[PDB]
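Visitor: One structure is given below, represented as structure tokens, and several questions about it will come after.
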Amino acid sequence: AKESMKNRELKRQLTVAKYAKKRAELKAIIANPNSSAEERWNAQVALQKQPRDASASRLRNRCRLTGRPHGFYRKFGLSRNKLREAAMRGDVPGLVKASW
Amino acid sequence: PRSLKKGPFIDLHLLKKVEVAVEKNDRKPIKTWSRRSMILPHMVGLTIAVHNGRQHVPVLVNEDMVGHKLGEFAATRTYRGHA
Amino acid sequence: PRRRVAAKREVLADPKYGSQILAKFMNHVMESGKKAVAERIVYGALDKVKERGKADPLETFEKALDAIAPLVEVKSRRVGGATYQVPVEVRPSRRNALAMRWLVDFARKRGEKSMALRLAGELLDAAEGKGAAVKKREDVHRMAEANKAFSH
Amino acid sequence: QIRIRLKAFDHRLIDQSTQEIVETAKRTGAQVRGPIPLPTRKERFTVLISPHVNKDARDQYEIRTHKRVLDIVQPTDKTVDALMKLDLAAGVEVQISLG
Amino acid sequence: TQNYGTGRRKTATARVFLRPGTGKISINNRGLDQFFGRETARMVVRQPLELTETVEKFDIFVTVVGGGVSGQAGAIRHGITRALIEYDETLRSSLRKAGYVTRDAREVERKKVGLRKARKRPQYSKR
Amino acid sequence: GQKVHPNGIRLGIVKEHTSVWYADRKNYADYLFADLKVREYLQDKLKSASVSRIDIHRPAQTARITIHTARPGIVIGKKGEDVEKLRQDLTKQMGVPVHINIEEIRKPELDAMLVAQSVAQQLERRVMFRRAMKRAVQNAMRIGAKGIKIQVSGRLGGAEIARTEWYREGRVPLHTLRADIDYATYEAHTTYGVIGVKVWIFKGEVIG
RNA sequence: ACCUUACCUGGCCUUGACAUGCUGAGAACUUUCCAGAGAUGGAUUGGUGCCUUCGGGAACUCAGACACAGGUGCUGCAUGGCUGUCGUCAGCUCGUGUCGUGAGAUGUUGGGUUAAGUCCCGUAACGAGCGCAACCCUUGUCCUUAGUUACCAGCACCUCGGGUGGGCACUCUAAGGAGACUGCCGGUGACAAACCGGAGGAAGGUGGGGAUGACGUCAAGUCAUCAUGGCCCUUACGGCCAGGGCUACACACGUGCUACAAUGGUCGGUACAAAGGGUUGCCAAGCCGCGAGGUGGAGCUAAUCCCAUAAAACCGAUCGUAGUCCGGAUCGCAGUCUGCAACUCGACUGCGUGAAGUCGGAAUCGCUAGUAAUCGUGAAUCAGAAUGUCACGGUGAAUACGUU
Ligand SMILES: [Mg+2]
Ligand SMILES: [Mg+2]
Ligand SMILES: [Mg+2]
Ligand SMILES: [Mg+2]
Ligand SMILES: [Mg+2]
Ligand SMILES: [Mg+2]
Ligand SMILES: [Mg+2]
Ligand SMILES: [Mg+2]
Ligand SMILES: [Mg+2]
Ligand SMILES: [Mg+2]
Ligand SMILES: [Mg+2]
Ligand SMILES: [Mg+2]
Ligand SMILES: [Mg+2]
Ligand SMILES: [Mg+2]
Ligand SMILES: [Mg+2]
Ligand SMILES: [Mg+2]
Ligand SMILES: [Mg+2]
Ligand SMILES: [Mg+2]
Ligand SMILES: [Mg+2]
Ligand SMILES: [Mg+2]
Ligand SMILES: [Mg+2]
Ligand SMILES: [Mg+2]
Ligand SMILES: [Mg+2]
Ligand SMILES: [Mg+2]
Ligand SMILES: [Mg+2]
């Protein structure tokens, strides 16, 4: 949970949202059924021209409070051992201990 | 293996260097880090020094090693043997 | 257990012979919850029994069961230096359970084509005292009567 | 004709809202097709409680979503909208259809 | 006329209707043999009929849903017994001694945390 | 042995959630993050005002914040030059516009969080924990407070070893789910390390 | 796989990727360029913006100077918080009184009884507290409320589908209640607490299961989730980037999965679940491929549409005890999908090959009823990646004389 880790994940999220659409039509051109080979090649080279650290696959979502890479839950935004703290105090609406 | 939708995968800078190296024939190795790049059929007969993790190993390319990747000719672990 | 609180259950539903003992025998031959497979095996064995000859297959079944239940059982007990083996009479309920367990276990290891054939062979052979189960019963009986000194 | 869908995280206040909507509808002279309790949605979580290695020591949590359906027949006065601040007060999600 | 019973067994339920008839029997609008194929399910679904010796007189209409085949058969038996009780409500004893009126409460025990199954544990090597 | 959080296990029985709103998968995480951040910010700024409970309600696209404090005059002073500034600030943080009202808590010494505040502050002021904990128990039990328990753990005084000392009075049934136990935890950051303070307060039973 | 990432090799920054304080110079942005592995640097068509007390200012961007920032660096034997363990074991104490010179004792000992320091009866002790039990969730029966997207008993039509008109009967869903209390009877018992049986009931003796963890123990675990006392680095123990590593392999151990087959393997015909997830999503019908899959775009912010065909079981045919129509490892060739990118190092598909394995030494583990055994389904994490984890149903046993 170094501050550098959080800073650079924020940078990654900003830069992936920066383009966020050129990638879309470039993928559409590459995967198009009938698009000719030359368009395929131009799309490939254009998409590879983009910065490497600009794809959604490099985003590793962390705890928005501590930046813990592991034990993340997407229903909340919290990690494993901040969710329990929030839920015990009754902050989280709807969350209760259950047995069934 | 990569799908057949896009035949090869080659890096732009490595491809540019390879295509430059044909105006004057094979004389010097091309220094690179791109182990992910597949060898093309038209760069045969030229020597490429690929990164290893500590240095660059020189590989002389012949016709039989076309469909492979550069990183396949640079072992990243030593293991001289337990005994 | 220590509390002596175990209560016995009542599930006993012979479908088409209406014989109380065959349901428990099928429970003994059952493996891994597959009631139907054991059902089929036992019925096939009884069909083989009824077609080898004129004997009622069910009657041959309880005749074999009677001719295989042991009368006395040997119980081990360490007396402080050696483990002796006293005899004791077998409870009426334990006799039939021991008989079925032995019969099934020895039919498991015969070596004919299908398990139903193994079971049929065991019932035919033990119905007069010639199977492996009957000689195990004789071994238990002689072992028990060779320790009659303790008995009490 | 108008239909109302009600969603909440607990049963007391959703019951209160259903009761008040129904009684207002009865007072205003309209007809109501009875409230329908749709099956609740139960989503469960199992979370480790130690900061470090204790795998068998877990703790389990749950969220329940309760859903009710109302619908009215023969409407002439439309003040169910007029209670936009009151039909839903704190934590009730209300969906209106056939407005 | 008619009588209605609701049977329940192992997450399965059955609605049974008894009318005057000649033992037609129909489950989910198909015959008993087509539903329970060569097992004791026929025996268990018929048991109260012969114990009360009214197998031939009642026409039965059944709709069953949920569970497995044995659970469905148990549901049919339970519903049949309840409807038979409400028809001629004097033989409650006769079924009671047979244990048909009682509803079996056994259910699938839930999985527990740290265990493999509801009761099985990992192997426990001590060294 | 490790206990369970008394506030956590009594949710839906005697206790109520601080935040009361409905959200769906679109924006549940956003609302939860906003609630946590605004609670941290509000508790951080106005520590001087004795604030314990901060409830958040979210009707359609709007927020209402109710603050429980023992100093209404401090938060709302001379017509409230601070409440309006706080309103604009909290509207800057939260997406939705914010409505604020201040609800004072009568009997401040009966609130577990306020008692923890006071004990931690005294331990900051180098007061002997003996006297602090005794006086807290006495002031609580003198009026109401049908039971109370206080626990202080750490390097008490300046000893080069950490221990736990706890004082109890009345009856505090922790295994009873009908007991409206009010619980609080707080940290005192001293010159040698952290000292933890835990407070349980038992008001009484509830029926119906 | 890259990222995670904390490690290695090399390239590169020094108020710095991030905070506040000072100063000067300008908006932010958008420009599809070149060099480089990239970090980065040099070029770069466009409007130089908003509010104006027109003195200027805000946000944002860039450069300098210091106080600084920064550290997944050390100490868990300086700590907070959180957790395991004994142990869901039935115990652990206090106030007043009394006994002893004192440490201490009494209460809390004794006869019964209980799952229980549970209760009764006696008693220099009289009371209280934390534990036990009850309150809580779920499952098992019944009633009221309500009948849509759920249901179809009765009626009408029906292309024979709850498909339609319609119905409030039923199943079901979900809120409120009833019910189970040793309540009634016989016997024993100090005619007490209680115990053994019986009737009624869906359920009988804390009905089944779960949550609930007393005072303390182990200087138990965590400084790497977070927080933090002291110590340590500040041209590096801080920060940025590209390749590699965490996947190595003469060996040893722990936990699983698949088998060694005939209660079985293949082919054909057929029946019955629960639970859950889907708008940066699920992803149909039709069509194209042996296949993984590709095109397509309907429906659904969901009791409505999708994921989505449950499997074992049953019926028919074949195999006939063979290292085999068993077993599937390994390897060769050819592909699909995700992803900037499947060499190191992904998951699947087709064709071929077809290993060890014939029920396992000393030793050792789980399980008492819907349990063990066995069969399948779903979700979290997640671009892709589960034989693990957590849940869900189907079929369905053996045994307990007893405390040596
Ligand atoms: Mg930090
Ligand atoms: Mg990832
Ligand atoms: Mg269950
Ligand atoms: Mg071992
Ligand atoms: Mg420490
Ligand atoms: Mg420790
Ligand atoms: Mg500590
Ligand atoms: Mg004690
Ligand atoms: Mg005392
Ligand atoms: Mg005393
Ligand atoms: Mg004295
Ligand atoms: Mg004592
Ligand atoms: Mg006693
Ligand atoms: Mg007690
Ligand atoms: Mg009875
Ligand atoms: Mg009884
Ligand atoms: Mg309890
Ligand atoms: Mg616990
Ligand atoms: Mg230690
Ligand atoms: Mg250690
Ligand atoms: Mg790297
Ligand atoms: Mg590893
Ligand atoms: Mg095969
Ligand atoms: Mg047990
Ligand atoms: Mg199961």
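Going through the structure tokens in order, the chains are called A, B, and so on, while each chain numbers its residues from 1 and the ligands are numbered from 1 in the order shown.
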Within 10 Å of ligand 23, which residues show up when you count only C-alpha atoms (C1' of nucleotides) and all ligand atoms? List them as a PyMOL selection string, please.

Guide: chain G and resi 265-266+325-328

Visitor: What does the file look like for those residues with C-alpha atoms (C1' of nucleotides), as a PDB file, in the first residue's frame?

Guide:
```pdb
ATOM      1  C1'   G G 265     -17.064 -49.243 -20.137  1.00  0.00           C
ATOM      2  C1'   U G 266     -19.513 -47.582 -24.937  1.00  0.00           C
ATOM      3  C1'   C G 325     -14.249 -51.384 -26.094  1.00  0.00           C
ATOM      4  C1'   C G 326     -10.423 -50.723 -18.406  1.00  0.00           C
ATOM      5  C1'   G G 327      -7.046 -46.402 -17.182  1.00  0.00           C
ATOM      6  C1'   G G 328      -5.941 -41.954 -18.780  1.00  0.00           C
TER       7        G G 328
END
```

Visitor: Give me, as a list in words, the set of residues whose atoms come within 10 Å of any atom of ligand 3, counting only C-alpha atoms (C1' of nucleotides) and all ligand atoms.

Guide: residues 100 of chain A; 11, 107, 108, 109, 110 and 111 of chain E; 138, 139, 209, 274, 275, 391, 392 and 393 of chain G

Visitor: Just write the chosen residues, N, CA and C atoms (P, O5', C5', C4', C3', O3' and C1' of nucleotides), as a PDB file, in the first residue's frame.

Guide:
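New file result-v7.pdb:
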```
ATOM      1  N   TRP A 100     -28.857 -18.765   8.378  1.00  0.00           N
ATOM      2  CA  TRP A 100     -29.623 -19.691   7.533  1.00  0.00           C
ATOM      3  C   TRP A 100     -29.322 -21.165   7.811  1.00  0.00           C
TER       4      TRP A 100
ATOM      5  N   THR E  11     -38.335 -31.330  -0.119  1.00  0.00           N
ATOM      6  CA  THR E  11     -38.433 -30.207  -1.050  1.00  0.00           C
ATOM      7  C   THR E  11     -39.358 -30.485  -2.227  1.00  0.00           C
ATOM      8  N   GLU E 107     -34.213 -33.202   6.349  1.00  0.00           N
ATOM      9  CA  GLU E 107     -33.832 -32.353   5.233  1.00  0.00           C
ATOM     10  C   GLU E 107     -32.322 -32.409   5.066  1.00  0.00           C
ATOM     11  N   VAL E 108     -31.844 -31.824   3.973  1.00  0.00           N
ATOM     12  CA  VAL E 108     -30.420 -31.855   3.664  1.00  0.00           C
ATOM     13  C   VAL E 108     -29.689 -30.879   4.577  1.00  0.00           C
ATOM     14  N   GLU E 109     -28.775 -31.402   5.389  1.00  0.00           N
ATOM     15  CA  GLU E 109     -27.997 -30.563   6.289  1.00  0.00           C
ATOM     16  C   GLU E 109     -27.040 -29.680   5.500  1.00  0.00           C
ATOM     17  N   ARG E 110     -26.930 -28.423   5.917  1.00  0.00           N
ATOM     18  CA  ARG E 110     -26.143 -27.444   5.186  1.00  0.00           C
ATOM     19  C   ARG E 110     -24.649 -27.709   5.338  1.00  0.00           C
ATOM     20  N   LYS E 111     -23.877 -27.159   4.410  1.00  0.00           N
ATOM     21  CA  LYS E 111     -22.429 -27.220   4.510  1.00  0.00           C
ATOM     22  C   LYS E 111     -21.931 -26.232   5.560  1.00  0.00           C
TER      23      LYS E 111
ATOM     24  P     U G 138     -35.831 -16.238   9.143  1.00  0.00           P
ATOM     25  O5'   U G 138     -35.365 -17.724   8.815  1.00  0.00           O
ATOM     26  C5'   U G 138     -34.495 -17.989   7.726  1.00  0.00           C
ATOM     27  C4'   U G 138     -34.015 -19.417   7.735  1.00  0.00           C
ATOM     28  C3'   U G 138     -35.091 -20.485   7.659  1.00  0.00           C
ATOM     29  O3'   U G 138     -35.546 -20.705   6.337  1.00  0.00           O
ATOM     30  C1'   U G 138     -33.531 -21.050   9.339  1.00  0.00           C
ATOM     31  P     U G 139     -37.060 -21.168   6.070  1.00  0.00           P
ATOM     32  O5'   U G 139     -37.074 -22.700   6.491  1.00  0.00           O
ATOM     33  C5'   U G 139     -36.294 -23.654   5.789  1.00  0.00           C
ATOM     34  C4'   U G 139     -36.353 -25.004   6.455  1.00  0.00           C
ATOM     35  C3'   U G 139     -37.740 -25.518   6.794  1.00  0.00           C
ATOM     36  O3'   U G 139     -38.396 -26.095   5.682  1.00  0.00           O
ATOM     37  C1'   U G 139     -36.318 -25.814   8.652  1.00  0.00           C
ATOM     38  P     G G 209     -28.773 -31.010  15.832  1.00  0.00           P
ATOM     39  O5'   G G 209     -28.567 -29.859  14.751  1.00  0.00           O
ATOM     40  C5'   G G 209     -27.888 -30.121  13.534  1.00  0.00           C
ATOM     41  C4'   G G 209     -27.879 -28.921  12.622  1.00  0.00           C
ATOM     42  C3'   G G 209     -27.123 -27.696  13.103  1.00  0.00           C
ATOM     43  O3'   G G 209     -25.721 -27.807  12.958  1.00  0.00           O
ATOM     44  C1'   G G 209     -29.194 -27.031  12.207  1.00  0.00           C
ATOM     45  P     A G 274     -37.100 -26.868  -7.637  1.00  0.00           P
ATOM     46  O5'   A G 274     -36.093 -26.259  -6.571  1.00  0.00           O
ATOM     47  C5'   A G 274     -36.131 -26.691  -5.222  1.00  0.00           C
ATOM     48  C4'   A G 274     -34.789 -26.534  -4.564  1.00  0.00           C
ATOM     49  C3'   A G 274     -34.187 -25.143  -4.621  1.00  0.00           C
ATOM     50  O3'   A G 274     -34.695 -24.286  -3.614  1.00  0.00           O
ATOM     51  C1'   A G 274     -32.563 -26.727  -5.260  1.00  0.00           C
ATOM     52  P     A G 275     -34.973 -22.739  -3.934  1.00  0.00           P
ATOM     53  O5'   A G 275     -33.522 -22.091  -3.974  1.00  0.00           O
ATOM     54  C5'   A G 275     -32.664 -22.168  -2.848  1.00  0.00           C
ATOM     55  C4'   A G 275     -31.219 -21.975  -3.230  1.00  0.00           C
ATOM     56  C3'   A G 275     -30.884 -20.688  -3.960  1.00  0.00           C
ATOM     57  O3'   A G 275     -30.777 -19.564  -3.109  1.00  0.00           O
ATOM     58  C1'   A G 275     -29.894 -22.483  -5.097  1.00  0.00           C
ATOM     59  P     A G 391     -20.214 -22.278   3.726  1.00  0.00           P
ATOM     60  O5'   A G 391     -21.070 -22.655   2.447  1.00  0.00           O
ATOM     61  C5'   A G 391     -22.447 -22.957   2.553  1.00  0.00           C
ATOM     62  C4'   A G 391     -23.197 -22.447   1.351  1.00  0.00           C
ATOM     63  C3'   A G 391     -24.278 -23.362   0.816  1.00  0.00           C
ATOM     64  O3'   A G 391     -25.485 -23.271   1.544  1.00  0.00           O
ATOM     65  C1'   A G 391     -22.940 -22.635  -0.968  1.00  0.00           C
ATOM     66  P     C G 392     -26.403 -24.568   1.718  1.00  0.00           P
ATOM     67  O5'   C G 392     -26.823 -24.928   0.229  1.00  0.00           O
ATOM     68  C5'   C G 392     -27.648 -24.059  -0.525  1.00  0.00           C
ATOM     69  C4'   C G 392     -28.134 -24.736  -1.777  1.00  0.00           C
ATOM     70  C3'   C G 392     -28.667 -26.142  -1.596  1.00  0.00           C
ATOM     71  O3'   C G 392     -29.986 -26.168  -1.088  1.00  0.00           O
ATOM     72  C1'   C G 392     -27.231 -26.077  -3.466  1.00  0.00           C
ATOM     73  P     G G 393     -30.486 -27.409  -0.206  1.00  0.00           P
ATOM     74  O5'   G G 393     -31.708 -27.994  -1.039  1.00  0.00           O
ATOM     75  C5'   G G 393     -31.802 -29.380  -1.317  1.00  0.00           C
ATOM     76  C4'   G G 393     -31.714 -29.661  -2.798  1.00  0.00           C
ATOM     77  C3'   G G 393     -31.760 -31.129  -3.186  1.00  0.00           C
ATOM     78  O3'   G G 393     -33.082 -31.631  -3.254  1.00  0.00           O
ATOM     79  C1'   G G 393     -29.948 -30.097  -4.278  1.00  0.00           C
TER      80        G G 393
END
```

Visitor: Compute the set of protein, DNA and RNA residues whose minimum atom distance to ligand 9 is at most 9 Å, using only C-alpha atoms (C1' of nucleotides) and all ligand atoms, and state it as a ChimeraX atom specification.

Guide: /G:93-95,107

Visitor: Quick one: residues within 12 Å of residue 8 (chain F), only C-alpha atoms (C1' of nucleotides), excluding same-chain residues fewer than 4 positions away - as a ChimeraX atom specification?

Guide: /A:84-92,94-98 /D:59,61 /F:3-4,12-18,177,180-184

Visitor: May I have the residues from that selection written out with N, CA, C and O atoms, as a compact mmCIF listing (two decimals), in the first residue's frame?

Guide:
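The resulting out.txt:
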```txt
# COMPACT_ATOMS: atom_id res chain seq x y z
N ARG A 84 -15.33 -5.46 6.95
CA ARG A 84 -15.80 -5.92 8.26
C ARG A 84 -15.90 -4.76 9.24
O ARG A 84 -16.87 -4.66 10.00
N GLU A 85 -14.90 -3.88 9.25
CA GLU A 85 -14.94 -2.71 10.13
C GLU A 85 -16.14 -1.83 9.82
O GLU A 85 -16.85 -1.40 10.73
N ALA A 86 -16.38 -1.56 8.54
CA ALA A 86 -17.52 -0.73 8.18
C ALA A 86 -18.84 -1.41 8.54
O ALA A 86 -19.77 -0.74 9.00
N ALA A 87 -18.93 -2.72 8.35
CA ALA A 87 -20.19 -3.43 8.56
C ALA A 87 -20.53 -3.61 10.02
O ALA A 87 -21.71 -3.66 10.38
N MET A 88 -19.52 -3.75 10.89
CA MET A 88 -19.80 -3.91 12.31
C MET A 88 -20.43 -2.65 12.89
O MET A 88 -21.37 -2.74 13.69
N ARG A 89 -19.95 -1.48 12.49
CA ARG A 89 -20.51 -0.23 13.00
C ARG A 89 -21.91 0.05 12.48
O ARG A 89 -22.55 0.98 12.97
N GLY A 90 -22.39 -0.72 11.51
CA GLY A 90 -23.67 -0.43 10.91
C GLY A 90 -23.64 0.61 9.83
O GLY A 90 -24.71 1.08 9.42
N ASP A 91 -22.46 1.00 9.36
CA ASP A 91 -22.36 1.99 8.29
C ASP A 91 -22.96 1.45 7.00
O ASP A 91 -23.74 2.15 6.33
N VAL A 92 -22.62 0.22 6.63
CA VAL A 92 -23.05 -0.37 5.37
C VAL A 92 -24.54 -0.68 5.46
O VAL A 92 -24.95 -1.49 6.31
N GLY A 94 -27.93 -2.52 4.92
CA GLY A 94 -28.39 -3.83 4.53
C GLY A 94 -27.55 -4.98 5.02
O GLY A 94 -28.04 -6.11 5.07
N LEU A 95 -26.30 -4.73 5.41
CA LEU A 95 -25.40 -5.81 5.78
C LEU A 95 -25.63 -6.23 7.23
O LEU A 95 -25.59 -5.39 8.13
N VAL A 96 -25.90 -7.51 7.44
CA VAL A 96 -26.08 -8.08 8.77
C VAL A 96 -25.44 -9.46 8.81
O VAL A 96 -25.21 -10.08 7.77
N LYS A 97 -25.16 -9.94 10.01
CA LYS A 97 -24.70 -11.31 10.18
C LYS A 97 -25.86 -12.27 9.98
O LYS A 97 -26.95 -12.06 10.53
N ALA A 98 -25.64 -13.32 9.19
CA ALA A 98 -26.69 -14.26 8.84
C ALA A 98 -26.24 -15.68 9.12
O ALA A 98 -25.05 -16.00 9.10
N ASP D 59 -16.33 -15.34 8.57
CA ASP D 59 -17.52 -14.69 9.11
C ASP D 59 -18.42 -14.34 7.94
O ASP D 59 -17.94 -13.89 6.90
N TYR D 61 -21.94 -12.75 6.02
CA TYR D 61 -22.84 -11.61 5.97
C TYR D 61 -23.84 -11.80 4.84
O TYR D 61 -23.64 -12.62 3.95
N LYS F 3 -14.31 -11.79 21.49
CA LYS F 3 -15.75 -11.54 21.52
C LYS F 3 -16.24 -11.22 20.11
O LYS F 3 -15.53 -11.36 19.12
N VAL F 4 -17.49 -10.77 20.02
CA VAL F 4 -18.07 -10.27 18.78
C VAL F 4 -18.51 -8.84 19.03
O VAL F 4 -18.84 -8.46 20.16
N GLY F 12 -30.54 -4.94 13.37
CA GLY F 12 -31.80 -5.55 13.01
C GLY F 12 -32.59 -6.12 14.17
O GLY F 12 -33.69 -6.63 13.95
N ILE F 13 -32.07 -6.03 15.39
CA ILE F 13 -32.75 -6.53 16.57
C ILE F 13 -33.08 -5.39 17.53
O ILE F 13 -34.25 -5.16 17.86
N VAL F 14 -32.07 -4.66 17.98
CA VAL F 14 -32.27 -3.53 18.89
C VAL F 14 -31.61 -2.29 18.30
O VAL F 14 -32.05 -1.16 18.55
N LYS F 15 -30.58 -2.49 17.49
CA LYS F 15 -29.84 -1.39 16.91
C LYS F 15 -30.31 -1.11 15.48
O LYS F 15 -31.04 -1.89 14.87
N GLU F 16 -29.88 0.04 14.96
CA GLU F 16 -30.28 0.50 13.64
C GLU F 16 -29.05 0.97 12.88
O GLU F 16 -28.07 1.41 13.48
N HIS F 17 -29.12 0.88 11.56
CA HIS F 17 -28.00 1.27 10.72
C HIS F 17 -27.83 2.79 10.73
O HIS F 17 -28.81 3.54 10.76
N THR F 18 -26.57 3.24 10.70
CA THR F 18 -26.31 4.67 10.62
C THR F 18 -26.80 5.24 9.30
O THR F 18 -27.38 6.33 9.27
N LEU F 177 -29.42 -10.84 23.59
CA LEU F 177 -29.66 -10.06 22.38
C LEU F 177 -30.69 -8.97 22.58
O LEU F 177 -30.83 -8.10 21.71
N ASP F 180 -29.68 -3.46 25.01
CA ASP F 180 -29.27 -2.36 24.13
C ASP F 180 -27.90 -1.82 24.54
O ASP F 180 -27.73 -0.65 24.88
N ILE F 181 -26.91 -2.71 24.51
CA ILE F 181 -25.56 -2.32 24.87
C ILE F 181 -25.05 -1.31 23.86
O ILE F 181 -25.11 -1.53 22.65
N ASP F 182 -24.54 -0.19 24.36
CA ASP F 182 -23.90 0.82 23.53
C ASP F 182 -22.40 0.67 23.75
O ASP F 182 -21.93 0.69 24.89
N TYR F 183 -21.66 0.53 22.66
CA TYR F 183 -20.26 0.17 22.70
C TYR F 183 -19.44 1.20 21.94
O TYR F 183 -19.91 1.79 20.97
N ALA F 184 -18.21 1.42 22.40
CA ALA F 184 -17.35 2.39 21.74
C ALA F 184 -15.89 2.04 21.98
O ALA F 184 -15.53 1.52 23.03
```

Visitor: Just want the 12 Å neighbourhood of residue 10 (chain A), counted on only C-alpha atoms (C1' of nucleotides), with same-chain residues fewer than 6 positions away dropped. Output as a count of residues only.

Guide: 15

Visitor: Using only C-alpha atoms (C1' of nucleotides), find the residues of chain G whose closest atom to chain B is at most 7 Å away, then write them as a list in words.

Guide: residues 9, 37, 243, 244, 250, 341, 342, 343 and 344 of chain G

Visitor: Quick one: residues within 12 Å of residue 111 (chain C), only C-alpha atoms (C1' of nucleotides), excluding same-chain residues fewer than 4 positions away - as an MDAnalysis selection string?

Guide: (chainID C and resid 106:107 115:119 121:122) or (chainID G and resid 262 321)

Visitor: Hey, can you spit out that residue selection with C-alpha atoms (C1' of nucleotides) as a PDB file, in the first residue's frame?

Guide:
```pdb
ATOM      1  CA  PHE C 106     -17.400 -64.029   0.543  1.00  0.00           C
ATOM      2  CA  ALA C 107     -19.593 -63.757  -2.550  1.00  0.00           C
ATOM      3  CA  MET C 115     -22.174 -60.443  -9.010  1.00  0.00           C
ATOM      4  CA  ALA C 116     -25.642 -61.989  -9.175  1.00  0.00           C
ATOM      5  CA  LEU C 117     -24.053 -65.256 -10.292  1.00  0.00           C
ATOM      6  CA  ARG C 118     -21.562 -65.065  -7.418  1.00  0.00           C
ATOM      7  CA  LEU C 119     -24.398 -64.580  -4.942  1.00  0.00           C
ATOM      8  CA  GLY C 121     -23.425 -69.757  -6.271  1.00  0.00           C
ATOM      9  CA  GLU C 122     -22.838 -68.833  -2.640  1.00  0.00           C
TER      10      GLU C 122
ATOM     11  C1'   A G 262     -18.533 -56.627 -15.121  1.00  0.00           C
ATOM     12  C1'   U G 321     -12.167 -61.037 -17.410  1.00  0.00           C
TER      13        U G 321
END
```

Visitor: May I have the residues within 12 Å of ligand 7, computed using only C-alpha atoms (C1' of nucleotides) and all ligand atoms, as a list in words?

Guide: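 So, counting only C-alpha atoms (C1' of nucleotides) and all ligand atoms, the residues near ligand 7 are residues 153, 154, 155, 161, 162, 163, 164, 193, 194, 195 and 196 of chain F; 76, 77, 78, 79, 80, 81, 82, 219, 220, 221, 222, 223 and 228 of chain G.
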
Visitor: Quick one: residues within 8 Å of region 146-152 of chain F, only C-alpha atoms (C1' of nucleotides), excluding same-chain residues fewer than 6 positions away - as a PDB file with C-alpha atoms, in the first residue's frame?

Guide:
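Saved as around-v2.pdb:
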```
ATOM      1  CA  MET F 133     -11.789   5.212  34.841  1.00  0.00           C
ATOM      2  CA  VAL F 137     -17.850   4.864  36.002  1.00  0.00           C
ATOM      3  CA  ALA F 140     -22.189   7.278  34.433  1.00  0.00           C
ATOM      4  CA  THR F 164      -5.106  -4.452  30.286  1.00  0.00           C
ATOM      5  CA  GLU F 165      -7.119  -3.092  33.216  1.00  0.00           C
ATOM      6  CA  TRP F 166     -10.908  -3.025  33.321  1.00  0.00           C
ATOM      7  CA  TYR F 167     -13.521  -1.826  35.810  1.00  0.00           C
ATOM      8  CA  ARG F 168     -17.134  -2.981  35.904  1.00  0.00           C
ATOM      9  CA  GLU F 169     -20.309  -1.850  37.644  1.00  0.00           C
ATOM     10  CA  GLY F 170     -23.901  -3.012  37.581  1.00  0.00           C
ATOM     11  CA  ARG F 171     -24.817  -5.858  35.254  1.00  0.00           C
ATOM     12  CA  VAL F 172     -23.702  -5.990  31.617  1.00  0.00           C
ATOM     13  CA  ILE F 195      -3.525   3.114  24.356  1.00  0.00           C
ATOM     14  CA  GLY F 196      -6.875   1.538  23.523  1.00  0.00           C
ATOM     15  CA  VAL F 197     -10.080   2.385  25.388  1.00  0.00           C
ATOM     16  CA  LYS F 198     -13.282   0.324  25.202  1.00  0.00           C
ATOM     17  CA  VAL F 199     -16.608   1.277  26.791  1.00  0.00           C
ATOM     18  CA  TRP F 200     -19.783  -0.781  27.246  1.00  0.00           C
ATOM     19  CA  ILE F 201     -22.965   0.839  28.596  1.00  0.00           C
ATOM     20  CA  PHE F 202     -26.176  -1.053  29.403  1.00  0.00           C
ATOM     21  CA  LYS F 203     -29.393   0.981  29.459  1.00  0.00           C
ATOM     22  CA  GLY F 204     -31.874  -1.826  30.020  1.00  0.00           C
TER      23      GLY F 204
END
```

Visitor: For ligand 2, collect every residue having any atom at a distance of at most 12 Å from a ligand atom (counting only C-alpha atoms (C1' of nucleotides) and all ligand atoms); output as a list in words.

Guide: residues 55, 56, 57, 58, 59, 60, 61, 62, 69, 70 and 72 of chain A; 1, 2, 3, 4, 339, 381, 382, 383, 384 and 385 of chain G
